Structure formats: structure tokens, C-alpha cells
Asker: 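Sharing a structure with you now.
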Amino acid sequence: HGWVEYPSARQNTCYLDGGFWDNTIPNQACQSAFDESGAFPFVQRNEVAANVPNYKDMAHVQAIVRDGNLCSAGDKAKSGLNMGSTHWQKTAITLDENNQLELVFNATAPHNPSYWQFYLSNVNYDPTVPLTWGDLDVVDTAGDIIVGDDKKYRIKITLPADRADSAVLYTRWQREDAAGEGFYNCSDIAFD
Ligand SMILES: [Cu+2]
């Protein structure tokens with residue numbers, strides 16, 4: 001259980017902006033998600049999750065987390081997260097001298113053994129259309145990472161230095177257990 005804290009996952013930004021209990025939501029993409037799903041996806045910021053027992057087989061992953069449902073990890077109760085918008089708030093990204101950023105994943109329930117896959121929407125992706133697997137390229141992977149003493153995972157990832165547009169970073173954190181729990185988060189970013 002957890003979420004991408006930096007660059008903040010979509011549902012985490014919605015949550016931390018607040019307003020959804022008293023009709024003061026500040027952002028119009030956050031409002032539209034709320035209109036479709038209510039507060040559930042925001043208060044459940046740490047369980048954007050799907051179980052894939054055959055987790056090493058991407059054909060099995062894509063049968064469970066289906067095109068147009070990646071940001072909700074296939075949960076219809078979180079479907080508002082998947083809506084296309086020009087107004088999703090973006091984290092401005094400047095890569096370090098090695099073309100990296102430190103991704104920070106805040107875990108309420110650390111899980112090991114596990115592994116990580118990082119995907120990036122391609123330059124032809126239209127943010128007004130829900131994300132599909134065909135929109136994504138794998139940019140980096142990680143193995144079993146020990147959680148910090150502050151219950152955050154820190155992972156240096158390499159991103160392309162040729163990008164200057166807005167994109168979705170798609171983080172997959174996969175447990176290596178019988179049930180095959182995995183956590184799927186979309187992070188809206190603006191390369192600058
Ligand atoms: Cu968990």
C-alpha cells in the first residue's frame with residue numbers, strides 16, 4: 001500500500017488539494033474525477049491496486065489492468081482517475097546531470113519482495129484520451145528496494161533527456177507473492 005509522492009500521483013494530488021467534502025475542489029480535472037467516483041479514489045490514494053497471479057506475463061497484466069483503466073488499476077470505483085483532461089496538475093521535471101530523478105514512493109504498508117517498472121507516455125500521446133498500454137514505453141526497472149526508515153522507497157530512475165513536453169509517468173510496484181498484488185500509479189509531469 002502506497003503512492004508515488006514525487007512526482008505526485010494523480011490521485012495523491014487530488015487528495016492533498018482537498019475540497020471534496022465541502023464543494024471547494026480547486027482543480028477542474030480533480031472535480032471531474034470526483035463527479036464520476038466521489039472521494040473514494042482520493043481517500044484510497046494508497047490502494048490503486050490490481051492482483052495478477054501471473055505477474056511476470058504482461059499479457060496477463062494487460063488483461064486485468066485494461067486500456068483506458070490504467071490510472072485506476074482496473075477498479076471501476078476509481079474510474080474518475082482515468083478521464084482525459086488538459087487540466088491534470090503536472091509536476092515540473094528537470095533531470096539531474098545523469099538524466100535521473102529520485103522517485104519517492106510513500107508506503108503505508110511496505111512489501112518485500114517486490115519489483116518496479118517505470119513507463120512513460122510517448123510524444124504522440126493525447127492527454128484528452130485515457131491512457132493505454134500502447135501509449136507507453138518502459139523507461140526503467142528496479143528490483144527489491146529496502147524501504148527507508150521513514151517508510152518511503154527512494155528509486156533513482158533514468159528518463160529521456162530528449163523530452164520537453166507533458167507526459168504521464170506510469171509506476172508499477174509488483175509484489176512477488178501468490179496473490180500477485182501490484183500498485184499502479186499515473187503521475188502527470190511536465191518536462192522542462
Ligand atoms: Cu499493501
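Remember, it's 1-based here, ligands and their atoms both numbered in the order they're listed. Residue numbers run from 1 in the order of the sequence given.
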Asker: Tell me if the aromatic rings of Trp133 and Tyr170 count as close, with their centers under 6.0 Å from one another.
Answerer: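 Yes: the rings meet the under 6.0 Å criterion.
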Asker: If you take the centroid of each ring, where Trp contributes its six-membered ring, are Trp116 and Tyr153 closer together than 6.0 Å?
Answerer: yes
Asker: Sort out for me which residue in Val65, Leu70, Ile64 forms a side-chain contact (heavy atoms from CB on, under 4.5 Å) with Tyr184.
Answerer: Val65
Asker: Taking the side chain from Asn27 and the backbone from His87, do they hold a donor-acceptor pair closer than 3.5 Å?
Answerer: yes
Asker: Using a cut-off of 2.8 Å, how many protein N, O or S atoms lie below it in distance from the Cu ion (ligand 1)?
Answerer: 3
Asker: Is any side-chain heavy atom of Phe191 closer than 4.5 Å to a side-chain heavy atom of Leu120?
Answerer: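 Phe191 vs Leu120: side chains touch.
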Asker: Could you identify which residues cluster with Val129, counting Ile, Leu, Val, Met, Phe, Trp and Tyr as linked when any side-chain heavy atoms lie under 4.5 Å apart, either directly or through a chain of such contacts?
Answerer: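 Reading the cluster by chain and number, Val129 sits alone, since nothing else belongs.
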